[PDB]
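Below is one structure; the comments refer to it alone.
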Amino acid sequence: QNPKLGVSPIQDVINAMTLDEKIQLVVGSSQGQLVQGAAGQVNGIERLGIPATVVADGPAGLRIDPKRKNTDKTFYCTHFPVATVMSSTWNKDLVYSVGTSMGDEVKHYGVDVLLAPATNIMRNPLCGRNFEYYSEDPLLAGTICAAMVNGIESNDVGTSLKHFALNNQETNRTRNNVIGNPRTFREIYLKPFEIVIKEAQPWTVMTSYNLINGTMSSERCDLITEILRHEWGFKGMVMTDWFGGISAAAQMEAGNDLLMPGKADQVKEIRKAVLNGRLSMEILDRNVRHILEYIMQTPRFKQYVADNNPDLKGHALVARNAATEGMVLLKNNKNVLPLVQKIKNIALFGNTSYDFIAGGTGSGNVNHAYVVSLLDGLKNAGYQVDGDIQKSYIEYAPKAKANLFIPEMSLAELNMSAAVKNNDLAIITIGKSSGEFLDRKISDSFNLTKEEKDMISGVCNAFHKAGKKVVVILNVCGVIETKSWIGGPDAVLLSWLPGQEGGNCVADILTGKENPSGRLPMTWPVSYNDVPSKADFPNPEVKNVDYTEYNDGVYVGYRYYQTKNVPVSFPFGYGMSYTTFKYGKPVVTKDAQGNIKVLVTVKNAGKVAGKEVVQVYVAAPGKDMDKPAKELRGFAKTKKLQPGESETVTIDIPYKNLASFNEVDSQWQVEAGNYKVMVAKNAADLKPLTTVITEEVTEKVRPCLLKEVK
């Protein structure tokens, strides 16, 4: 009898394979697939009861092919917001519930493992994939991402952080080299993955393209084997990004199991490797076994075959709440928001107010049916959109598309007098969207073009000379230049990329039914010259392309800003709500073991209801080593507190989370001396509620991630 998976001893199953069958497994494949589209697939050796599993593209939604031929019903996918909206809530329970509705699509439509979600650190705001990365803080990113995996892996469908390490730049990423000392990698760029591995236990882990100090990330042992499998306790499968990696031999020996998607040349190098006698069978057998442990739990092996009954109607409701709570109000002046009931005619400005953005382009882009543009979001909330300005913007785009991403429609064609003749208030929509492959340009992606500035001030002064107010809707995919033009507009809402349910979420924020309780996952600087990692990042308008150095140490997006008090447009975690909250006493019981457990009760006295993102920042003197000013060591988003309401919330900080890695001893450490704790609104708070503590083997590791030496 042929031994098969789930019955014969696992060891006896690998025996029955030959070198032909083994290499077929570790190198997957790709009209021609079981599910239409949806990116890669994994091979199956059928005689041993092994199916051919499927993997698709997220992370902003399951990506499958629309209806084509020989099918009865079209198949589409709910366009959820981007991973920055998820991070902008700070509500891991909320993100849990989205991965629930996200994973339901993954299972019902015939997928086994979705490529979700990348949780790399936001290092420089000029990165193309900043929308699919979560935050600049590892603790916020690593924790929110862990709950995202949980919601998708409670449906029994796999999850892969889309890029394992050091994919913070998108210039020559195929041959880019990151160079930095061990502590910079472990505390910062390895931390968000450390959390998700320990708790979420995702099935697969996708390695990145670039190198580390000289050796490829997908072909590095200490990274994939010592740090991943042996320190964090990873049990699943390690794959590569498609067509990623040089030597197929080093990938296998580094502990990288599966090669994706699969080419003819890979097999030939792996075929020659074992026959000549370089790649050992134990190495190949180790990689195959991780794939066997991987396939066992997939519903393809249990044969819950695709029924294609998603119920897309019910899942869409969840996204509207995730985007709404994930929207952050950047400035409210004279309490102009929420819009009062008197506003009924509204003038709509911005090309992207009618071609409204939902999510980033390229691989993250998903198949949606309808896009709730802003033009329609104000039509479900009852408001009347201006007939003339809607006529000017709808008809302008064809001419501009005809001749040589799109320059803003100038105010010359639009009737400036008619805007104050019928409409009560005006809205602006600044639309930016950077693709994954091409990095952000200074001219338009960060700074605003002059086609935007002359619409900002031109609309502002003309309306402010009518007593009226103007609100800017930042439909952007990341940080932009703000300080120059921010003063004019009275209200500025930051919608990020709200997915398909776009205008409805902006409508609820404007009408006042919902309360934007979103906080910033990143720090917006004044201008681009404030960024410390700017010196260590290329200019998309040879260093920082072929090789890259990390001289900023532990301090990244906001750690540098706090220790050195750099001016910034909006600090980390800054956010506003219509009601104003008040805090409870800062008293934390000191655990007998040594860890820290903080309690607090927020007090709300506001007309409308809202939610409070309690944030705990802990400081460090740094007598042993240079230390960041204040690193978040816990957070808490409360319930929907009513007028005159108050609920206690819990925030715990383990003693391990009060540790920091040391280069010399190749180990983590907690520095002794007088230490400081805080509970604040935003990261850059002058006056937070402090409770001082006296901090007295946390983790001993081998010297991984060093710098090469001849």
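Every chain in the structure tokens has a letter given in the order shown (A, B, ...), and although residue numbers restart at 1 in each chain, ligands are simply numbered from 1 in the order shown.
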Q) How would you write, as a ChimeraX atom specification, the set of residues in region 182-373 of chain A that DSSP gives as alpha helix (DSSP H)? A) /A:182-184,191-199,221,248-254,264-276,281-297,299-302,312-325
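Every protein or nucleic acid residue with an atom no more than 8 Å from residue 628 (chain A), counting only C-alpha atoms and leaving out same-chain residues fewer than 2 positions away, appears here: residues 554, 555, 559, 560, 562, 563, 619, 620, 626, 630 and 631 of chain A.
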Can you pull out the residues contacting residue 659 (chain A)? Cut-off 9 Å, using only C-alpha atoms, and skip same-chain residues under 6 positions away; I want them as a PDB file with C-alpha atoms, in the first residue's frame.
ATOM      1  CA  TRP A 668      18.508  41.555  25.734  1.00  0.00           C
ATOM      2  CA  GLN A 669      18.621  43.562  28.943  1.00  0.00           C
ATOM      3  CA  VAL A 670      16.546  45.733  31.266  1.00  0.00           C
ATOM      4  CA  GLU A 671      18.508  48.800  32.340  1.00  0.00           C
ATOM      5  CA  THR A 698      15.201  38.191  29.757  1.00  0.00           C
TER       6      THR A 698
END
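Residues in contact range of residue 426 (chain A), defined as at most 6 Å between only C-alpha atoms, with sequence neighbours fewer than 2 positions away removed, read residues 346, 347, 348 and 470 of chain A.
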Go ahead and save the residues from that selection, with C-alpha atoms, as a PDB file, in the first residue's frame.
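Once everything was written out, this is selection11.pdb:
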ATOM      1  CA  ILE A 346     -22.598  71.315  -0.728  1.00  0.00           C
ATOM      2  CA  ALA A 347     -19.878  72.177  -3.253  1.00  0.00           C
ATOM      3  CA  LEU A 348     -17.418  69.341  -3.890  1.00  0.00           C
ATOM      4  CA  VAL A 470     -14.150  74.608   3.962  1.00  0.00           C
TER       5      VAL A 470
END
Q) Within 10 Å of residue 396 (chain A), counting only C-alpha atoms, which residues qualify if same-chain residues fewer than 3 places away don't, as a ChimeraX atom specification? A) /A:351,391-393,399-401,408-409,413
For the interface of region 280-346 of chain A with region 375-390 of chain A (cut-off 8 Å, counting only C-alpha atoms), please tabulate each contacting residue of region 280-346 of chain A alongside its nearest pair of atoms and their separation in Å to one decimal, rows sorted by chain and increasing number, as a Markdown table.
| residue | atom | partner | partner_atom | distance |
| --- | --- | --- | --- | --- |
| A:343 | CA | A:383 | CA | 7.7 |
| A:344 | CA | A:383 | CA | 4.9 |
| A:345 | CA | A:384 | CA | 4.8 |
| A:346 | CA | A:385 | CA | 5.3 |
Expected file contents, prior selection, C-alpha atoms, as a CSV table (one decimal), in the first residue's frame:
chain,number,residue,atom,x,y,z
A,343,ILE,CA,-25.9,72.4,5.4
A,344,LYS,CA,-27.9,70.9,2.6
A,345,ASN,CA,-26.3,72.1,-0.6
A,346,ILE,CA,-22.6,71.3,-0.7
